[PDB]
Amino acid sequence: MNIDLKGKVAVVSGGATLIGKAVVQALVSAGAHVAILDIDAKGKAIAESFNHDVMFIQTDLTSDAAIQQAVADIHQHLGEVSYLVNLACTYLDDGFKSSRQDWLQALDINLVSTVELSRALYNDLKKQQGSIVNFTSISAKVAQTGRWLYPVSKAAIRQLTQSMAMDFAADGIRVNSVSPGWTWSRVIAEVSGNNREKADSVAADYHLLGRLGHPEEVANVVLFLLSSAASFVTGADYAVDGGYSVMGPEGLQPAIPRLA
């Protein structure tokens, strides 16, 4: 995976997550400069890890003014943007117990802000004829007990990816989505006791490949779709879930024998 994006500028919302950092590292390795937009303060340490190749701009993407200031800062230090990876999300989700206020807050963060960040960067993507990668999930294709806000948000991102692709094609902009499964996480690393081999064995029941996915494995699909190798890929959903989405409630274990 030795893609060349020398001189290009990329924007990565929600870059403080393990997936985010892997996407940032993948872009830097390809020669691109990256601007990390996030509300989490740990993004600053990630940006400093790459020195002048990556910049961190703490941004509340629900604030239109914060987005305009972030794009102004990107223009001042880095330049015109070619790639946008919308990875920002909230895990505010209590299913039926979540309130109307929680719903609108989660939708604003997970969905509406993706439109505003794309709009603030549109003239850049139009001039650069760039590409956009949004993030769906296996939760956008299936129901999970007790989780409403994030699955519905991700199912909405999936449709937004298609409508953006259609209405952005005239300007030469490609828009796709990436659908990962269970990926090694900061939250999983803490609840597991930083025990990967046990967390992998728990995940084996839901992934044909028998483990959690690595952030790097997700980042590879993001870079491919951003690169010109995917020059005829737009509006598509690229699954990187180790086979999660090919299975149903029976999993990968036989079910008929239980009847006897």
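Residue positions are given as counts along the sequence shown, with the first one as 1.
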Greater mean Cα temperature factor according to the PDB record, 70-78 or 182-190: 182-190
Mean Cα B-factor comparison, 59-67 or 39-47, giving the higher one as deposited: 39-47
Selection from 230, 202, 219, 208 [criterion: highest C-alpha temperature factor in the record]: 202
Modelled-residue ranking by C-alpha temperature factor, third containing residue 54: highest
Cα B factor band for residue 129 (lowest, middle or highest third within the chain): highest
Ranked C-alpha temperature factor of residue 176 among modelled chain residues, by third: lowest
Third assignment of residue 249 from its chain's C-alpha B-factors: lowest
Modelled-residue ranking by C-alpha temperature factor, third containing residue 213: middle
